[PDB]
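**Student:** Let me see the structure of the following:
(one chain, ligands or ions: 2)
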Amino acid sequence: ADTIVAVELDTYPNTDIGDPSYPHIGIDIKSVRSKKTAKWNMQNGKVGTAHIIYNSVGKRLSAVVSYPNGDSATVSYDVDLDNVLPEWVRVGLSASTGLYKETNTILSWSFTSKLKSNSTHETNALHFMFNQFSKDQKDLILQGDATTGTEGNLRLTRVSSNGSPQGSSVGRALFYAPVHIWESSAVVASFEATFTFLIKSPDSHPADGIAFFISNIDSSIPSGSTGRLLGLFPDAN
Ligand SMILES: [Ca+2]
Ligand SMILES: [Co+2]
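**Tutor:** Numbers count the residues shown, from 1 in each chain. Ligands and ions are numbered 1, 2, ... in the order given. Below is the structure in question.
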């Protein structure tokens with residue numbers, strides 16, 4: 001039932017559902033089967049950073065993922081999000097481990113959306129940024145296994161008290177205020193999203209991955225979404 005638009009950092013390739021044979025980054029429009037992908041040289045144990053940009057004039061959603069001292073990976077897709085998403089939506093982070101595991105730690109997360117109307121004032125906006133997470137992080141909706149406060153970070157998937165990641169885990173963090181992406185009077189709508197992450201695993205085959213996503217305000221973790229479904233989708237269709 002949920003309506004999901006997402007940018008995915010897919011660390012475990014599942015070639016039987018359309019994934020490339022290599023870890024990658026991709027744009028998902030209402031399906032795990034990414035409309036576009038790009039090769040991603042994931043670095044186990046290092047902090048990477050993901051950037052996601054869109055505007056209603058260009059009508060293309062793009063994402064760039066990079067690690068310090070490393071060439072970045074870029075993926076883009078032509079898409080009018082007004083035709084897939086509702087007027088009011090919630091944005092968030094999601095992550096999953098399945099048969100294989102990894103830590104899905106968010107060290108920082110910022111977001112900006114602006115609606116620009118034909119009138120002279122011309123600006124409606126929502127912006128937030130987390131560089132320090134708290135135990136009772138009231139302005140975030142945590143779903144599934146997601147917790148906050150551990151080393152002031154957001155953990156989207158379950159991690160043991162000794163630091164070891166756990167498998168068969170899924171978790172998301174939604175910003176608690178709804179976001180206004182469409183408006184009748186608007187002449188241009190746009191948004192940016194940024195987040196820093198630490199994926200770490202004792203396995204040479206980490207799984208499953210981390211995604212940013214924009215969805216209906218009542219979205220919840222679909223049941224059985226542990227694994228490559230990344231907490232976003234109920235199936236691989
Ligand atoms: Ca995958
Ligand atoms: Co994928």
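
**Student:** who does the residue nearest to the spatial centre of the chain bridge with?
**Tutor:** In the chain, the C-alpha nearest the mean C-alpha coordinate belongs to residue 212, at 1.1 Å (Cα atoms, centre = their mean). Residue 212 forms beta bridges with residue 7, residue 93, as assigned by DSSP bridges.

**Student:** From what I see, it and residue 4 are in contact.
**Tutor:** No. In this structure residue 212 lies outside contact range of residue 4 using Cβ atoms under 8 Å: 11.0 Å. Backbone N, C-alpha and C define where each C-beta goes, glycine included.

**Student:** related to what we said a few turns ago, and the residue nearest to the centre of the chain, how close does it get to ligand 2?
**Tutor:** 14 Å (Cβ to the ion, to the nearest Å).

**Student:** Quick check: the residue of the protein nearest ligand 2.
**Tutor:** Going by Cβ to the ion, ligand 2 is nearest to residue 10 of the chain, at 3.5 Å.

**Student:** can you tell me which residues contact the residue lying closest to that residue once chain neighbours are set aside?
**Tutor:** Distances taken as Cβ to Cβ, 6 or more residues apart in numbering place residue 209 nearest to residue 10, at 4.5 Å, with adjacent residues excluded. By Cβ atoms under 8 Å, 6 or more residues apart in numbering, the residues touching residue 209 are 8-12, 95-96, 104, 228, 230.

**Student:** Same question for residue 28.
**Tutor:** By Cβ under 8 Å, 6+ apart, the neighbours of residue 28 are 4-8, 34-35, 211, 213, 232-233.

**Student:** again, but for residue 171
**Tutor:** Taking Cβ under 8 Å, 6+ apart, one finds 94-96, 104, 142-147, 155-158, 221, 231 in contact with residue 171.

**Student:** Apply 10 Å and report the result again.
**Tutor:** 93-97, 104, 142-147, 154-158, 221, 226, 231 (Cβ atoms under 10 Å, 6 or more residues apart in numbering).
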